[PDB]
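What follows is a single structure, written as structure tokens, with notes after it.
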Amino acid sequence: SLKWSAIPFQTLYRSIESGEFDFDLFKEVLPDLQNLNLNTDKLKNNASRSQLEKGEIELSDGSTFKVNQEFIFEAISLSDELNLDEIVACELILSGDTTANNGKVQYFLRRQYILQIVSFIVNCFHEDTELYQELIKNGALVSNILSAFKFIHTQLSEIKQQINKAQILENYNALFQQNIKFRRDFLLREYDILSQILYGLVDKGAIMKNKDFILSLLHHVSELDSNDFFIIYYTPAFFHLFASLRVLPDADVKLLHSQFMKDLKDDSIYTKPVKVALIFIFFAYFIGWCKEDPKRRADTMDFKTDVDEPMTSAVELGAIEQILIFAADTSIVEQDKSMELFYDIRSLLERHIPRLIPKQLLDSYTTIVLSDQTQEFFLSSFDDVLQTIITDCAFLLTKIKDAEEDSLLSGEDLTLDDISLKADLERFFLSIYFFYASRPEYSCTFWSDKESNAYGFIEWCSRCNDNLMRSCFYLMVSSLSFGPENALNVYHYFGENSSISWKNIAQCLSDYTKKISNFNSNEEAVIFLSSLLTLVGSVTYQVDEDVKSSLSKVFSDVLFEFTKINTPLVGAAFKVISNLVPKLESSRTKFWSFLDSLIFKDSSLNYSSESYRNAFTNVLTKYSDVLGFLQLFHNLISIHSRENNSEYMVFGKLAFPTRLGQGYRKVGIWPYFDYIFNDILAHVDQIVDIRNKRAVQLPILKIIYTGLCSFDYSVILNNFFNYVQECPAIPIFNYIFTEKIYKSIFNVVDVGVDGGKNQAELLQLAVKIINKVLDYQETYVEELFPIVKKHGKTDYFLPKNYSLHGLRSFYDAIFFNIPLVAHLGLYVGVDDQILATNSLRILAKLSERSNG
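Residue numbers (the working numbering): 2 to 853.
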């Protein structure tokens with residue numbers, strides 16, 4: 002029997018942390034380790050319930066104990082909760098300090114340690130090593146590894162039975178859901194550490210003595226559903242196993258090869274698309290293995306019958322669709338803050354195999370992480386798969402390329418399903434895009450060396466002209482311009498060494514622009530354009546100002562012309578333009594001109610402010626338009642030229658042209674803030690879907706705050722009339738005091754954390770803004786307001802009735818509003834410094850009225 006504590010296994014592991022392995026304890030608990038997580042004999046007994054329900058119980062390691070009734074109930078809650086033997090369940094409560102459910106902890110900690118140890122040994126110690134050799138040597142470990150995965154499966158169903166039992170009773174409360182997340186967690190960790198062990202056993206060679214394990218594993222994996230994300234946890238072992246085919250005796254490599262071609266002719270193979278993929282990868286690797294010992298291997302073989310015919314078969318059975326899905330469902334492209342997709346490409350390309358979801362944990366798991374140790378084996382092994390395919394499979398790529406250029410016929414009603422059918426090459430491009438996105442430590446392989454196959458691969462892909470391949474190419478490269486360092490190569494790649502040049506790209510964009518407005522005097526174009534923009538976006542973001550500045554020479558004027566047309570891609574172009582906007586305020590004049598033309602070209606202005614708000618609301622007619630507009634504006638009014646370690650725009654400077662709009666309207670920046678405040682911020686508090694509410698709230702708050710820092714106040718505390726009038730800080734104060742405006746800024750503070758860590762920023766901004774207003778409320782009312790009111794010139798946007806408003810409204814809704822004051826109170830403690838140290842500043846100002 003096994004020592005059912007978790008303290009021998011904790012301390013053993015800690016020894017090894019610092020190379021203190023005592024052969025003593027290790028040799029003691031050896032067979033417990035070989036058993037991994039299994040409790041394969043001692044499950045729930047009733048010959049052990051009578052034993053327990055007397056109150057006197059006996060352990061296998063000697064002594065016995067008197068057991069009261071509180072203990073008996075913790076112990077049968079274990080056996081009923083975990084189909085576990087009752088006296089085992091008791092050794093487990095004894096071993097770990099008796100508190101409310103600490104037997105359930107020792108059960109899981111015991112297993113977790115075991116697994117981690119095995120994993121440490123089979124992955125950090127050498128193969129010749131003494132214990133690696135002890136551990137493996139019975140071969141009892143190898144015969145349990147697959148069982149140990151299956152055990153996790155059965156338990157996760159045990160859990161779902163239990164769940165379902167709880168719902169029929171309607172006892173499916175909060176604290177049930179919680180003692181399940183607790184176990185579903187411990188198990189997912191076990192699966193993830195069992196991934197490591199399996200991989201380790203491949204790299205150590207233990208499961209590669211012959212073809213037997215591979216086939217049995219390949220079976221085991223094929224039992225899961227085609228969309229069980231648990232498949233991923235076997236990909237490191239399988240990927241690396243095929244990539245060390247040399248370890249196997251040739252005799253057996255040959256037998257698998259044969260086996261597999263037989264498998265691809267079996268009919269019901271196509272309902273196991275994961276086998277198809279794995280097989281296909283085997284072939285990608287086999288190729289190189291034949292070539293490594295030609296005389297005995299390669300020369301034996303006929304390439305058309307022994308390789309190309311089957312690989313082709315696997316591609317037609319969706320082998321690539323499955324690689325894309327592996328790639329995409331582990332991708333961290335959501336982290337790429339420069340990347341933005343404007344068209345759902347994954348739904349055009351993946352239409353035959355389901356997305357992977359951790360369905361044995363579902364019925365609260367949106368996205369899953371892999372351990373560091375596992376992320377590393379996966380990434381490394383899979384990168385090696387993608388690159389093997391690149392170098393060793395060029396013939397298949399050209400085969401497919403050529404296939405596709407021929408298949409679809411002009412003059413037909415193509416459906417998305419039709420367009421996707423043969424798009425196997427484009428799928429492979431997307432596999433690259435998902436897998437390398439945000440992973441610069443690998444992305445860089447493509448650009449690192451101009452001889453390398455990877456770099457060649459790119460040159461090749463850059464000559465596929467098929468509109469869909471061309472756009473998928475554009476997307477792929479955006480993924481690969483991730484670093485500040487990769488972005489710069491991608492900048493060179495189109496400037497210097499290729500058939501496609503930055504100018505050609507703008508030239509496409511220009512041509513489409515003509516075609517589109519002439520038609521008015523299509524999905525294929527959305528796909529192409531959306532990708533063009535996705536790419537120019539990604540790079541323009543990630544590069545310095547010089548480089549930004551050249552790309553502007555190429556793209557600004559054409560992007561400008563494109564947003565004049567009404568596409569659904571206006572917003573998208575706006576986001577790109579904004580990436581090109583330079584830091585120096587001086588250099589922004591061409592962009593401000595653009596935008597003011599855009600808004601006011603077809604305007605019918607008159608005496609009313611409303612006329613100017615309509616200019617905006619006629620043009621910026623849909624959500625995406627607005628959102629893009631706000632990012633552009635946010636960048637155009639941003640403060641770069643600032644006083645040394647202040648945050649205030651150096652006294653005297655503006656972020657835009659003097660007398661903006663001169664010649665076609667009452668001039669100046671004011672109307673922009675009329676739109677932004679009243680036409681938009683006023684109405685976010687009734688935007689449909691929260692994530693989009695936040696998506697527009699947050700630009701606006703950033704803008705508002707920028708404006709407030711946008712005039713050096715302390716020149717006064719511690720033609721200048723004109724500067725004061727031109728300055729955005731004026732209209733910004735003027736609307737902050739409208740109530741609809743200070744109310745919305747104030748709720749942000751009422752309901753806080755409730756985006757995600759994006760929503761938490763929106764909150765800091767809210768607070769910082771209010772503080773800033775209090776600091777300078779005074780300075781606006783004495784200095785600024787009158788300067789403008791009294792010496793403001795009238796060829797500007799300046800309301801007839803410009804006045805002070807909500808001095809009493811803003812205060813009474815702040816000072817007399819309570820829960821705001823209370824909420825602020827409750828923030829002084831919170832972790833966030835920006836939130837706390839500002840909340841405190843607000844309270845201190847308020848505090849200087851002293852009393853209620």
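Yeah, the Cβ is synthetic: ideal placement off N, Cα and C, and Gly gets one too.
For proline 569 and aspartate 626, I'd like the C-alpha separation in whole angstroms. 8 Å
Decide if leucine 85 is buried, meaning its Cβ has at least 16 other Cβ atoms within 10 Å, or exposed. buried
Which whole-angstrom value is the C-beta distance of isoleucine 528 and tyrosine 344, which I expect to be below 8 Å? 6 Å
Answer yes or no: the CB of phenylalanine 66 versus the heavy atoms of the ligand GTP, is any distance below 8 Å? As presented, the structure is devoid of all ligands, the ligand GTP included, so that no description of it is given.
Pick out the complete alpha helix (DSSP H) segments inside the region 331–409, 4 residues or longer, and give them in chain order. 346–350, 373–393 and 395–408
Can you name, in chain order, every residue of its own chain whose Cβ lies under 8 Å from the Cβ of residue 915, other than the five neighbours on each side? The requested residue 915 does not occur in the structure, where the chain is confined to residues 2 to 853.
Compute the distance between the beta-carbons of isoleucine 640 and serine 711, then report whether it is under 9 Å. yes
Cutting at 8 Å between CB atoms, please list the residues of its own chain near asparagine 818, excluding the five before and the five after it. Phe747
Give the single residue among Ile506, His220, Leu799 and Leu95 whose Cα lies nearest to the Cα of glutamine 107. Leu95
Is the beta carbon of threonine 446 sitting closer than 9 Å to the one on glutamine 388? yes
I'd like to confirm the pairing. Which residues does DSSP put opposite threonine 65 in its beta bridges? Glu59
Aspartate 229 - DSSP class collapsed to helix/strand/coil: strand
Of all the beta strand (DSSP E) runs that stay within the bounds of the region 662–694, which reach a length of 3 or more residues? none
With H, G and I counted as helix, E and B as strand and the rest as coil, what does DSSP make of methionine 477? helix
Contact belief for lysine 212 with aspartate 253 at Cβ below 8 Å, rounded distance in angstroms: 4 Å
Pull up the DSSP beta-bridge partners for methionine 262, would you. BP columns for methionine 262 are empty, so no partner.
Please report the residue range of the alpha helix (DSSP H) in which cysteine 91 lies. 89–96
With distances taken from CA atoms, which of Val749, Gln663, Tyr542 and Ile321 is nearest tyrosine 271? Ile321
Whether residue 1 touches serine 499 by CB criterion (9 Å): Given that the chain is displayed from residue 2 to residue 853, the structure contains no residue 1 and the question cannot be resolved.
Verify whether the separation of the beta carbon atoms of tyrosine 434 and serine 480 is less than 9 Å. yes
Using CA atoms only, rank isn't needed, just tell me which of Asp307, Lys161, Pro820 and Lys584 is closest to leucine 362. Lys161
Check whether the region 46–63 and the region 163–172 touch, using three or more Cβ-Cβ pairs below 8 Å as the test. no
Closest to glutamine 374 by C-alpha separation, out of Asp755, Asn679, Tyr192 and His806, would be which residue? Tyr192
If you draw a straight line from the C-alpha of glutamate 135 to the C-alpha of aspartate 450, how long is it? 45 Å
Unbroken alpha helix (DSSP H) runs of length 4 or more, entirely within the region 116–164: which are they? 131–138
Which residue wins for smallest C-alpha separation from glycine 104, given the options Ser80, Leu188 and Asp713? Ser80
Validate contact between the region 748–767 and the region 690–707 using beta carbons, cut 8 Å, 3 pairs: yes
Which residue wins for smallest C-alpha separation from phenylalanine 483, given the options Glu427, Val544, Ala455 and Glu497? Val544
Through-space distance from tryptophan 671 to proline 729, alpha-carbon basis: 7 Å
Counted within 10 angstroms of its Cβ, other Cβ atoms place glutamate 92 as buried (16 or more) or exposed: buried
CB of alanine 238 within 9 Å of CB of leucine 189, strictly: no
CA-to-CA distance, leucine 552 to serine 502, given in whole angstroms: 11 Å
Within 10 angstroms of the Cβ of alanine 616, are there 16 or more other Cβ atoms? Answer buried if so, exposed if not. buried
By the 10 Å Cβ neighbour count, where 16 or more other Cβ atoms means buried, how is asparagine 36 classified, buried or exposed? buried
Identify whether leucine 195 lies in helix, strand or coil by the three-state DSSP scheme. helix
Identify the residues that DSSP records as bridge partners of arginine 643: which are they? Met650
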